[PDB]
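Colleague: Okay, handing you the structure first.
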Amino acid sequence: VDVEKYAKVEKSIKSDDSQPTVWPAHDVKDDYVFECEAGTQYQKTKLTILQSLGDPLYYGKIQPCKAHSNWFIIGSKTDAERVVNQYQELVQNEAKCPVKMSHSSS
(Lines give C-alpha, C1' and ligand atoms only; values in the text may rest on other atoms or scores of the structure.)
Protein backbone atom coordinates (compact mmCIF):
# COMPACT_ATOMS: atom_id res chain seq x y z
CA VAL A 1 0.00 0.00 0.00
CA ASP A 2 1.45 3.34 -1.08
CA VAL A 3 -0.72 5.94 0.65
CA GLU A 4 2.12 7.94 2.23
CA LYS A 5 3.48 9.00 -1.16
CA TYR A 6 0.39 11.19 -1.54
CA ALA A 7 -0.54 12.03 2.04
CA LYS A 8 0.47 15.53 3.11
CA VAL A 9 0.41 17.42 6.40
CA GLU A 10 -0.43 21.10 6.68
CA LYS A 11 1.74 23.59 8.53
CA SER A 12 0.71 24.55 12.05
CA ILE A 13 2.01 26.82 14.78
CA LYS A 14 3.73 24.37 17.11
CA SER A 15 2.68 24.42 20.74
CA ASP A 16 4.52 25.44 23.88
CA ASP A 17 3.53 23.86 27.18
CA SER A 18 0.76 26.41 27.87
CA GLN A 19 -1.13 26.72 24.57
CA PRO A 20 -2.32 24.17 21.99
CA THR A 21 -1.42 23.90 18.33
CA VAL A 22 -2.99 26.47 16.00
CA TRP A 23 -2.88 25.30 12.45
CA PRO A 24 -3.55 28.22 10.06
CA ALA A 25 0.09 29.16 9.60
CA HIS A 26 -0.30 32.53 7.87
CA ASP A 27 -3.04 34.90 6.78
CA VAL A 28 -4.54 33.71 3.49
CA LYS A 29 -5.81 36.52 1.25
CA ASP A 30 -7.64 36.26 -2.07
CA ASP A 31 -8.90 39.22 -4.11
CA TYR A 32 -11.16 39.46 -7.14
CA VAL A 33 -11.86 42.50 -9.30
CA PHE A 34 -14.55 43.11 -11.92
CA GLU A 35 -14.71 45.80 -14.59
CA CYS A 36 -16.43 46.55 -17.88
CA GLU A 37 -13.16 47.87 -19.38
CA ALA A 38 -15.20 50.08 -21.71
CA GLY A 39 -15.00 53.85 -21.69
CA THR A 40 -18.25 53.62 -19.76
CA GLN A 41 -18.30 54.55 -16.09
CA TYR A 42 -18.57 51.20 -14.30
CA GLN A 43 -16.85 51.83 -10.96
CA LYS A 44 -14.93 48.55 -10.89
CA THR A 45 -15.49 46.80 -7.56
CA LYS A 46 -13.48 44.28 -5.57
CA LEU A 47 -14.19 41.20 -3.46
CA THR A 48 -11.78 39.88 -0.83
CA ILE A 49 -11.95 36.51 0.90
CA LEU A 50 -9.73 36.22 3.97
CA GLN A 51 -8.59 33.56 6.43
CA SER A 52 -6.42 35.12 9.11
CA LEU A 53 -3.62 33.63 11.17
CA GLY A 54 -4.71 31.05 13.73
CA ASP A 55 -8.40 31.29 12.88
CA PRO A 56 -10.05 28.74 10.54
CA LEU A 57 -13.09 30.93 9.83
CA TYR A 58 -13.55 32.67 6.49
CA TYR A 59 -14.63 36.25 5.81
CA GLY A 60 -15.47 38.59 2.96
CA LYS A 61 -15.72 42.23 1.97
CA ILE A 62 -17.14 43.97 -1.11
CA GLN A 63 -15.91 47.54 -0.96
CA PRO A 64 -15.64 49.39 -4.30
CA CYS A 65 -12.11 49.64 -5.63
CA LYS A 66 -10.49 53.07 -5.68
CA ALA A 67 -10.00 55.10 -8.85
CA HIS A 68 -14.09 50.52 6.17
CA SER A 69 -14.33 47.46 8.44
CA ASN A 70 -17.55 45.93 7.08
CA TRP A 71 -16.53 42.29 7.25
CA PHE A 72 -19.01 39.43 7.38
CA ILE A 73 -18.54 35.83 8.46
CA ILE A 74 -18.29 33.28 5.67
CA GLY A 75 -18.46 29.71 6.87
CA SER A 76 -15.77 27.68 5.13
CA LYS A 77 -13.84 27.03 1.91
CA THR A 78 -16.80 25.50 0.09
CA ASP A 79 -18.99 28.38 1.24
CA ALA A 80 -16.37 30.83 0.01
CA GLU A 81 -16.41 29.23 -3.44
CA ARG A 82 -20.21 29.40 -3.48
CA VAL A 83 -20.15 33.09 -2.58
CA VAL A 84 -17.56 33.84 -5.26
CA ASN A 85 -19.62 32.10 -7.95
CA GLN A 86 -22.84 33.83 -6.91
CA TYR A 87 -21.22 37.27 -6.85
CA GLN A 88 -19.69 36.74 -10.29
CA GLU A 89 -23.05 35.74 -11.74
CA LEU A 90 -24.79 38.73 -10.16
CA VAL A 91 -22.19 41.19 -11.44
CA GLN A 92 -22.43 39.83 -14.98
CA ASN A 93 -26.23 39.88 -14.97
CA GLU A 94 -26.26 43.47 -13.71
CA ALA A 95 -23.65 44.76 -16.15
CA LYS A 96 -25.62 43.89 -19.31
CA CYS A 97 -22.28 44.18 -21.11
CA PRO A 98 -18.85 42.51 -21.06
CA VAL A 99 -17.23 42.10 -17.64
CA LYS A 100 -13.92 40.49 -16.69
CA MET A 101 -12.55 38.77 -13.60
CA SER A 102 -9.00 39.49 -12.42
CA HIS A 103 -7.92 36.95 -9.81
CA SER A 104 -5.03 37.54 -7.41
CA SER A 105 -3.35 35.71 -4.52
CA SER A 106 -1.95 36.62 -1.08
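Chains: A, B, ... in order of the C-alpha coordinates. Residues: from 1 per chain. Ligands: from 1, in order shown.
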What parts of region 12-87 of chain A does DSSP call strand (DSSP E)? I'd like the answer as a count of residues only.
Modeller: 21
Colleague: Write out as number ranges by chain which residues come within 12 Å of region 38-43 of chain A when counting only C-alpha atoms, dropping same-chain ones fewer than 3 positions away.
Modeller: A: 33-35, 46, 63-67, 91, 94-100
Colleague: Would you write out those residues with N, CA and C atoms, as a PDB file, in the first residue's frame?
Modeller:
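Done, and the output landed in out.pdb:
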```
ATOM      1  N   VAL A  33     -11.456  41.200  -8.791  1.00  0.00           N
ATOM      2  CA  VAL A  33     -11.857  42.503  -9.302  1.00  0.00           C
ATOM      3  C   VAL A  33     -12.688  42.296 -10.556  1.00  0.00           C
ATOM      4  N   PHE A  34     -13.648  43.186 -10.775  1.00  0.00           N
ATOM      5  CA  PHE A  34     -14.547  43.114 -11.915  1.00  0.00           C
ATOM      6  C   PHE A  34     -14.658  44.493 -12.543  1.00  0.00           C
ATOM      7  N   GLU A  35     -14.709  44.538 -13.871  1.00  0.00           N
ATOM      8  CA  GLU A  35     -14.710  45.803 -14.586  1.00  0.00           C
ATOM      9  C   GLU A  35     -15.235  45.586 -15.994  1.00  0.00           C
ATOM     10  N   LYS A  46     -14.400  45.321  -6.002  1.00  0.00           N
ATOM     11  CA  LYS A  46     -13.476  44.284  -5.571  1.00  0.00           C
ATOM     12  C   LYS A  46     -14.115  43.428  -4.488  1.00  0.00           C
ATOM     13  N   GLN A  63     -16.044  46.111  -0.754  1.00  0.00           N
ATOM     14  CA  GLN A  63     -15.912  47.543  -0.964  1.00  0.00           C
ATOM     15  C   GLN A  63     -15.589  47.845  -2.427  1.00  0.00           C
ATOM     16  N   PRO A  64     -15.947  49.033  -2.913  1.00  0.00           N
ATOM     17  CA  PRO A  64     -15.642  49.386  -4.302  1.00  0.00           C
ATOM     18  C   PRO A  64     -14.216  49.889  -4.456  1.00  0.00           C
ATOM     19  N   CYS A  65     -13.519  49.337  -5.445  1.00  0.00           N
ATOM     20  CA  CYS A  65     -12.108  49.642  -5.626  1.00  0.00           C
ATOM     21  C   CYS A  65     -11.908  51.114  -5.955  1.00  0.00           C
ATOM     22  N   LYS A  66     -10.789  51.657  -5.485  1.00  0.00           N
ATOM     23  CA  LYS A  66     -10.492  53.067  -5.678  1.00  0.00           C
ATOM     24  C   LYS A  66     -10.213  53.368  -7.146  1.00  0.00           C
ATOM     25  N   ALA A  67     -10.336  54.640  -7.510  1.00  0.00           N
ATOM     26  CA  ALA A  67     -10.001  55.097  -8.854  1.00  0.00           C
ATOM     27  C   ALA A  67      -9.017  56.258  -8.786  1.00  0.00           C
ATOM     28  N   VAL A  91     -22.846  40.064 -10.779  1.00  0.00           N
ATOM     29  CA  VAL A  91     -22.186  41.186 -11.437  1.00  0.00           C
ATOM     30  C   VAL A  91     -22.405  41.120 -12.940  1.00  0.00           C
ATOM     31  N   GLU A  94     -25.922  42.060 -13.910  1.00  0.00           N
ATOM     32  CA  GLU A  94     -26.257  43.466 -13.706  1.00  0.00           C
ATOM     33  C   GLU A  94     -25.553  44.357 -14.720  1.00  0.00           C
ATOM     34  N   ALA A  95     -24.391  43.929 -15.215  1.00  0.00           N
ATOM     35  CA  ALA A  95     -23.647  44.763 -16.153  1.00  0.00           C
ATOM     36  C   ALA A  95     -24.398  44.946 -17.467  1.00  0.00           C
ATOM     37  N   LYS A  96     -24.999  43.877 -17.989  1.00  0.00           N
ATOM     38  CA  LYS A  96     -25.625  43.894 -19.313  1.00  0.00           C
ATOM     39  C   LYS A  96     -24.614  44.279 -20.390  1.00  0.00           C
ATOM     40  N   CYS A  97     -23.355  43.935 -20.157  1.00  0.00           N
ATOM     41  CA  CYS A  97     -22.282  44.180 -21.112  1.00  0.00           C
ATOM     42  C   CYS A  97     -21.073  43.375 -20.657  1.00  0.00           C
ATOM     43  N   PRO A  98     -19.995  43.356 -21.437  1.00  0.00           N
ATOM     44  CA  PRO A  98     -18.853  42.510 -21.063  1.00  0.00           C
ATOM     45  C   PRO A  98     -18.267  42.914 -19.718  1.00  0.00           C
ATOM     46  N   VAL A  99     -17.847  41.910 -18.949  1.00  0.00           N
ATOM     47  CA  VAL A  99     -17.231  42.100 -17.641  1.00  0.00           C
ATOM     48  C   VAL A  99     -16.182  41.016 -17.446  1.00  0.00           C
ATOM     49  N   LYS A 100     -15.063  41.384 -16.835  1.00  0.00           N
ATOM     50  CA  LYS A 100     -13.923  40.494 -16.695  1.00  0.00           C
ATOM     51  C   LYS A 100     -13.559  40.299 -15.230  1.00  0.00           C
TER      52      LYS A 100
END
```
Colleague: In terms of the shortest atom-to-atom distance over only C-alpha atoms, which of A:88, A:21, A:12, A:105 is closest to residue 49 (chain A)?
Modeller: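 Smallest distance to residue 49 (chain A) is found for A:105.
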Colleague: Run DSSP on the backbone and tell me which residues of chain A come out as alpha helix (DSSP H); list them as a list in words.
Modeller: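 These are the residues in question: residues 77, 78, 79, 80, 81, 82, 83, 84, 85, 86, 87, 88, 89, 90, 91, 92, 93, 94 and 95 of chain A.
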Colleague: Which residues come within 12 Å of residue 69 (chain A), counting only C-alpha atoms, excluding same-chain residues fewer than 5 positions away, as a ChimeraX atom specification?
Modeller: /A:59-63
Colleague: Tell me, in Å to one decimal, how far CA of residue 76 (chain A) is from CA of residue 51 (chain A).
Modeller: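 The value is 9.4 Å.
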Colleague: Which neighbours of residue 54 (chain A) fall inside 12 Å, counting only C-alpha atoms, when residues of the same chain fewer than 2 positions from it are skipped, and could you give them as a PyMOL selection string?
Modeller: chain A and resi 11-14+20-28+51-52+56-58
Colleague: When distances are computed from only C-alpha atoms, which of A:102, A:48, A:86, A:78 shows the smallest separation from residue 29 (chain A)?
Modeller: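 That would be A:48, the residue with the smallest distance to residue 29 (chain A).
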Colleague: How many Å separate CA of residue 90 (chain A) from CA of residue 68 (chain A)?
Modeller: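 CA of residue 68 (chain A) lies 22.8 Å from CA of residue 90 (chain A).
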